[PDB]
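Every number for a ligand or one of its atoms is a count from 1 in the order of the listing. So that the names make sense, note that chain A is the first sequence line, chain B the second, and so on, each numbered from 1.
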Amino acid sequence: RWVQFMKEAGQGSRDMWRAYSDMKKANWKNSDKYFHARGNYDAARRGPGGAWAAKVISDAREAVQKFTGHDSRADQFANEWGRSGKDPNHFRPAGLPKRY
Amino acid sequence: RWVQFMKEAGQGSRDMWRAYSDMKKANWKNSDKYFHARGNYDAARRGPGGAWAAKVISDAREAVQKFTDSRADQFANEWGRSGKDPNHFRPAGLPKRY
Amino acid sequence: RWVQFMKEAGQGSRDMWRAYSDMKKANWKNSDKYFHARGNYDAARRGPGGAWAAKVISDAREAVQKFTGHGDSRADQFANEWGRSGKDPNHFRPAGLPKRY
Ligand SMILES: CC1=C(/C=C/C(C)=C/C=C/C(C)=C/CO)C(C)(C)CCC1
């Protein structure tokens, strides 16, 4: 039912949060696009609910970015890259620890 | 904050539902696109969270439609959401409260 | 702490899934308002993250009702809010509902 979709959305949201926290924790220059792609990739592979959550969260982030001044297209490109099932590692900065 | 964002989202959502409510309350001559634009326009006026909310609701609506046209609604949605005037789609003599 | 909020939200989500699951198993007449109320009650008790998760889930449910048929919604939301505010879910308990629920 809609329950299963929502559970996937819930999982997808956590994948999104996981990507965000791992990115602060890593504090690695030019890592953002990797984590954006990775969070959307992980989330979408939870199923339709996860892919929906990743999009909704990504657009919420874009909206806040716009409001505060900037970039955004590049981020959304990385977002959609991972969400479509493409490898986030194409954005992986050299030396990024294997645990991320 | 994101408390502020979420507030705007709540308000924007209400503007949306209120748009959809009004529309049923008016079984109309070709009234669709006006209500869709107005909801988004109202919702976007609340701020970023409202614009964001209007978009998730619009896209969701469209998604459910995809088992039952959709693009023309989406044009009207983005019209209002961008701030362009919803009355552009007003039908012939639509009651004043809408 | 975002971590704590996220932890409460996860718990509250589980409380919500547990209510819906319990509702299904029980298959008891006139019982949805109880489970709607109970899920929000248990969720809100987790902390702000839980109350928030329960609202997001309740509002998403209402949204899907409206797009399709399920639409009554106001009555469901009244129960949701009732439980989420901390009021007794048993206010909606139908006669005979097994005690474990
Ligand atoms: C009020 C409001 C919401 C309602 C969302 C909807 C409409 C959820 C249903 C989605 C479905 C079924 C999508 C199918 O692709 C939530 C709380 C989520 C966030 C802010 C806007």
Side-chain angles (χ1 to χ4, degrees), chain A residues 1-14 16-17 40 43-44 46-64 83, chain B residues 1-21 35-36 39-40 42-68 70 73-74 77 80-81, chain C residues 5 9 12-13 16-17 20 36 39-40 43-44 48-69 71 73-74 76-77 80-81 84:
Chain A
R1 202 180 114 205
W2 147 92
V3 164
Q4 167 64 26
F5 185 92
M6 295 296 302
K7 284 182 191 172
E8 292 166 353
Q11 301 278 42
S13 301
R14 184 148 341 108
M16 292 305 281
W17 152 265
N40 280 272
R46 296 287 192 166
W52 173 78
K55 174 181 173 55
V56 146
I57 290 170
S58 292
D59 294 350
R61 183 193 270 285
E62 181 182 27
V64 176
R83 201 149 80 233
Chain B
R1 241 285 97 71
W2 288 81
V3 166
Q4 176 52 12
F5 187 80
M6 249 18 212
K7 198 216 156 199
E8 290 157 2
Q11 307 183 293
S13 301
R14 277 179 267 132
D15 294 321
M16 290 292 293
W17 298 119
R18 204 244 295 162
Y20 295 143
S21 217
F35 286 110
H36 288 339
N40 281 265
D42 292 324
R45 271 222 80 102
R46 314 283 203 167
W52 169 79
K55 180 170 167 48
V56 341
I57 289 166
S58 297
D59 297 347
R61 171 172 187 281
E62 168 177 38
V64 181
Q65 285 172 340
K66 292 189 228 205
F67 301 23
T68 124
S70 81
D73 294 342
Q74 285 287 44
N77 286 336
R81 197 152 73 239
Chain C
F5 182 92
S13 301
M16 293 299 292
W17 313 137
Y20 294 152
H36 290 146
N40 277 271
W52 176 80
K55 181 180 174 53
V56 172
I57 294 169
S58 298
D59 292 342
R61 182 173 172 276
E62 185 190 25
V64 177
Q65 286 179 324
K66 294 188 171 179
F67 293 150
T68 70
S73 300
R74 238 65 36 82
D76 282 351
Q77 284 287 40
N80 288 330
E81 296 190 49
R84 200 157 59 235

Q: What verdict does the side-chain contact (heavy atoms from CB on, under 4.5 Å) test give for C/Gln77 and C/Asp59, after you've listed the backbone C-alpha separation in whole Å, the side-chain angles of each residue and the deciding distance to 0.1 Å?
A: CA-CA 8 Å; C/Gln77 284 287 40; C/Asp59 292 342; 2.8 Å; yes
Q: Tell me whether atom 1 (C) of ligand 1 lies less than 4.0 Å from at least one protein heavy-atom position.
A: yes
Q: Thinking salt bridges, do B/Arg18 and B/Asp15 make one under a 4.0 Å N-O criterion?
A: yes
Q: Please list the nearest protein heavy atom to atom 18 (C) of ligand 1 with its residue and the distance rounded to 0.1 Å.
A: C/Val56 CG1, 4.4 Å
Q: What residue and heavy atom of the protein are closest to atom 15 (O) of ligand 1, and at what distance?
A: B/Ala63 CB, 3.7 Å
Q: Quick one: look up the protein heavy atom nearest atom 21 (C) of ligand 1 and list residue, atom name and how far away it is.
A: B/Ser13 OG, 3.2 Å
Q: Say whether, by atom type as modelled, one donor and one acceptor occur between the side chain of B/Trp52 and the main chain of A/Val56 under 3.5 angstrom.
A: yes
Q: In terms of residue, atom name and distance, what is the protein heavy atom nearest to atom 19 (C) of ligand 1?
A: B/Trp52 CH2, 4.1 Å
Q: Under 4.0 Å from any heavy atom of C/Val64, which atoms of ligand 1 are there?
A: 9 (C), 12 (C)
Q: Can you figure out which of B/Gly12, B/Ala60, B/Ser58 has its heavy atom closest to atom 13 (C) of ligand 1?
A: B/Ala60
Q: Taking the six-membered ring for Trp, is the centroid-to-centroid distance between C/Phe5 and A/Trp17 below 6.0 Å?
A: no
Q: Just to confirm, does any protein heavy atom lie below 4.0 Å from atom 6 (C) of ligand 1?
A: yes
Q: Taking side chain as C-beta onward, heavy atoms only, is C/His36 less than 4.5 Å from C/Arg61?
A: yes
Q: Apply side-chain contact (heavy atoms from CB on, under 4.5 Å) to C/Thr68 and A/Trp2, showing your working.
A: CA-CA 12 Å; C/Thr68 70; A/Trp2 147 92; over 6 Å; no
